[PDB]
Amino acid sequence: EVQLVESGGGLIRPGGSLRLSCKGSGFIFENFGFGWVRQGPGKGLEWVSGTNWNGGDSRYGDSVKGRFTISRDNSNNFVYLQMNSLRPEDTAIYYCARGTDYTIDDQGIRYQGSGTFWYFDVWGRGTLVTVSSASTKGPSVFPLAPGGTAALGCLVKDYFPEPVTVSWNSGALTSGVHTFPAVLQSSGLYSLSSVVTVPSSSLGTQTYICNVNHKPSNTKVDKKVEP
Amino acid sequence: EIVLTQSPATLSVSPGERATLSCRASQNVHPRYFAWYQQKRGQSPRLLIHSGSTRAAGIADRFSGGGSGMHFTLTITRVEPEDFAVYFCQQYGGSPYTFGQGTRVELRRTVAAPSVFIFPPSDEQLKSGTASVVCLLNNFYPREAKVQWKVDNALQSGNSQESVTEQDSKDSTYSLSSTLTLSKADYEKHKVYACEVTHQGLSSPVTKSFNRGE
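Residues numbered from 1 in each chain as written, not as in the entry; some residues may be left out. Chains lettered and ligands numbered in written order. Heavy atoms only, no water.

Header annotation of the entry names X-ray crystallography as the structure determination method and lists the resolution as 2.893 Å.

Given below as structure tokens:
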């Protein structure tokens, strides 16, 4: 029953803005503090912003201070995060997270029902925020032509944005397939490759096709990988 | 700002064994102001311990937390198969609140040498000004592995990119790719293209190579 649904991700231009939203339900929203935690490319967690039950106390992270604003609407169970002057380094998965339902003051007195943003017991599925200045580009699909077995694959090079999906033989081939995580290149474009190991004797008979699809650029490629 | 450094970066453990994670703080942190999280692949973080030693909701009693000052720990008494994930420490004794870099608890299997393959650039790609050579390291353990490119014996640097799969769910192995990207003109001026792999399961560095054109 207890849910936190984010909304408001996507592609942002350097210098642009974005407002995140989080709808809480299944609990007394009024009693809890809230926060946002981001997760960068191949990285860990970074505490971004947090506000307490009545939105009166609100702190931010060093790298985001002065650019971001957090706020809430208890009568409608929403918590927002305004993001101004975004930079490429801000590219991360943003999680809406529920803080405590209590707090302690400087005197060591614990206040029940007045939550804050120390730690987070409930986390949303998170939303991806991509901050790049790149135009949409379709990838170039290249063949990776072939102990006791043989390896072949496809090179999916220079595309934007994420993601692409790769399959072998329209989905008929799964065993041995390793589709690698994309790597961001110095140009801001992504590249990846998908490989599969097969019996070295089947090369002359069985045909192998890789199915590459990149929706944002309207690009589908079916490449037949041969010796 | 308070910096949190976790160690080790990777704890390779077998099921049923004891696991003790460590977090080090740049400054003194109050013992009752610390938290730990678990992070499975593709999932959101989940609170394990809060306020230093208190287990969160629905957390198995095999998890425990302790520490003070600049040294905090998380202990799994006996790791179950559903305990393999990344773990984050987090301080909130001082603002701005900070996390650790994370510690991946991996399934420790037996050592397995990688299968190694090398792929020359397609002619199709060469007909477009660039040349990419790919070295494939299939199914190996542990994941620590050195890949070195060489072009006419001269070993390369600053022009390659590695990518590694998540640990396999069926045989607990890793696969790695390395991509050497050259300009066509550079690719034309050399014959020998080699990928030298160093790994623990190899008594000596394995080399797969090819002569351009042949």
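Structure shown, so let's carry the discussion forward.
**Remarks on the overall build of chain A**
Scanning chain A for helices and strands turns up zero helices and 21 strands. Dimensions of chain A, computed from the C-alpha atoms along their principal axes, are close to 80 × 35 × 30 Å. Expressed as a percentage of the 227 residues in chain A, the buried residues total 48%. As presented, chain A carries roughly 10500 Å² of accessible surface, and 47% of it is formed by carbon and sulfur atoms. Between the centroid of the 19 positive side chains of chain A and the centroid of its 17 negative side chains there is a distance of 9 Å. (Helix = DSSP H or I, 4+ residues; strand = E, 2+ residues; numbered from the N terminus. Buried < 20%, exposed > 50% of the residue type's maximum accessible area, 1.4 Å probe, protein only. Areas by Shrake-Rupley, 256 points an atom, 1.4 Å probe, with all protein chains shown as cover. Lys, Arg positive; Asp, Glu negative; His and termini not counted. Charge placed at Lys NZ, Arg CZ, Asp CG, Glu CD.)

**As for the interface of chain A and chain B**
Facing 43 residues of chain A, the contacting portion of chain B comprises 40 residues. Carbon and sulfur atoms make up 64% of the area that chain A and chain B hide from each other, which totals about 3300 Å². Our enumeration of links across chain A and chain B arrives at one salt bridge. In this structure, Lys223 of chain A and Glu124 of chain B form a salt bridge, with 3.9 Å as the shortest nitrogen-oxygen distance. (Contact = heavy atoms within 4.5 Å. Buried area = accessible area lost by both parts, 1.4 Å probe. Salt bridge = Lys/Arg side-chain N within 4 Å of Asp/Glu carboxyl O.)

**Quick notes on the layout of surface pockets**
The space that makes up the second largest pocket amounts to roughly 470 Å³. Listed by contribution, the elements that provide at least two residues to the lining of the second largest pocket are strand 12 (122–123) of chain A together with strand 4 (34–39) and strand 5 (46–50) of chain B. The leading source of residues in the lining of the second largest pocket is strand 5 of chain B, at four residues. (1 Å grid on protein atoms, 1.4 Å probe; cavity = no way out; pocket = protein on both sides within 12 Å on 5 of 7 lines; lining within 4 Å. Points joined across faces, edges and corners; volume = space filled by probe spheres on them.)

**Description of empty space enclosed by the protein**
Looking at the largest cavity, its volume works out to about 150 Å³. As for the largest cavity, its lining consists of 15 residues, of which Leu155, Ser191 and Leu192 of chain A together with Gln161 and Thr179 of chain B are closest to the centre. Counting only elements with at least two residues in the lining of the largest cavity, the list comes to strand 15 (149–159) and strand 19 (190–199) of chain A together with strand 15 (160–164) and strand 16 (174–183) of chain B. Residues of the lining of the largest cavity, tallied by class, amount to four nonpolar, nine polar and two charged. (Nonpolar A, V, L, I, M, F, W, Y, C, P; charged D, E, K, R; others polar.)

**Some words on the domain arrangement of chain A**
Considered domain by domain, chain A is made up of domain 1 (1–133) and domain 2 (134–227). A C-alpha centroid distance of 38 Å is found between domain 1 of chain A and domain 2 of chain A. (Domains from an automatic or database assignment.)

**Let's talk about the domain arrangement of chain B**
All names here are of chain B. Taken domain by domain, chain B comprises domain 1 (1–109) and domain 2 (110–212). Computed from C-alpha atoms alone, the centre-to-centre distance between domain 1 and domain 2 is 35 Å. Taken over both partners, the interface formed by domain 1 and domain 2 buries close to 810 Å², and the fraction arising from carbon and sulfur atoms is 34%. Summed over the three residues of domain 1 that lose the most area to domain 2, namely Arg104, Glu106 and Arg109, the buried surface amounts to 76% of that side. At the junction of domain 1 and domain 2, the tally comes to one salt bridge. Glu166 is the partner of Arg41 in a salt bridge, and the nearest nitrogen-oxygen pair spans 3.4 Å. Along the contact surface separating domain 1 from domain 2 lie seven residue pairs in polar contact. Ranked by the residues each element gives to the side of domain 1 that touches domain 2, the list is headed by strand 10 (residues 103–107), at three residues. Looking at the side of domain 1 that touches domain 2 residue by residue, the class counts come to one nonpolar, one polar and five charged. (Polar contact = N/O pair within 3.5 Å; in protein donor to acceptor, adjacent residues only side chain to side chain.)

**Description of unusual backbone geometry**
Following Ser7 of chain B, the chain continues to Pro8 of chain B via a peptide bond in cis, the omega torsion being 0 degrees. Relative to the helices and strands, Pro8 of chain B is located in the loop between strand 1 (4–7) and strand 2 (10–13). Here the amide bond leading from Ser95 of chain B into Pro96 of chain B is cis, since omega sits at 0 degrees, within 30 degrees of zero. Relative to the assigned elements, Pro96 of chain B resides in the loop between strand 8 (86–91) and strand 9 (98–99). Its identity is not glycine, yet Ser170 of chain A carries a phi of approximately 60 degrees, on the positive side.

**A few points about the pairing of strand 5 (residues 45–51) of chain A**
Residues and elements named next belong to chain A. Counting buried positions along strand 5 gives six out of seven residues, so the element sits mostly inside the fold. Looking at chain direction, strand 4 (residues 34–39) and strand 5 are connected through six bridges and run antiparallel. The partner of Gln39 across the bridge, within strand 5, is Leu45. Counting the residues between successive antiparallel strands, the hairpin from strand 4 to strand 5 contains five residues, one of them, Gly42, with a positive phi of roughly 55 degrees. Pairing of strand 5 with strand 6 (residues 58–60), which is carried by three bridges, proceeds in the antiparallel orientation. Across the sheet, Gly50 pairs through a bridge with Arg59, a residue of strand 6. Where strand 5 folds back onto strand 6 in an antiparallel hairpin, the turn is made up of six residues, including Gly55, whose phi is positive at roughly 70 degrees. (Pairing = 2+ DSSP bridges.)

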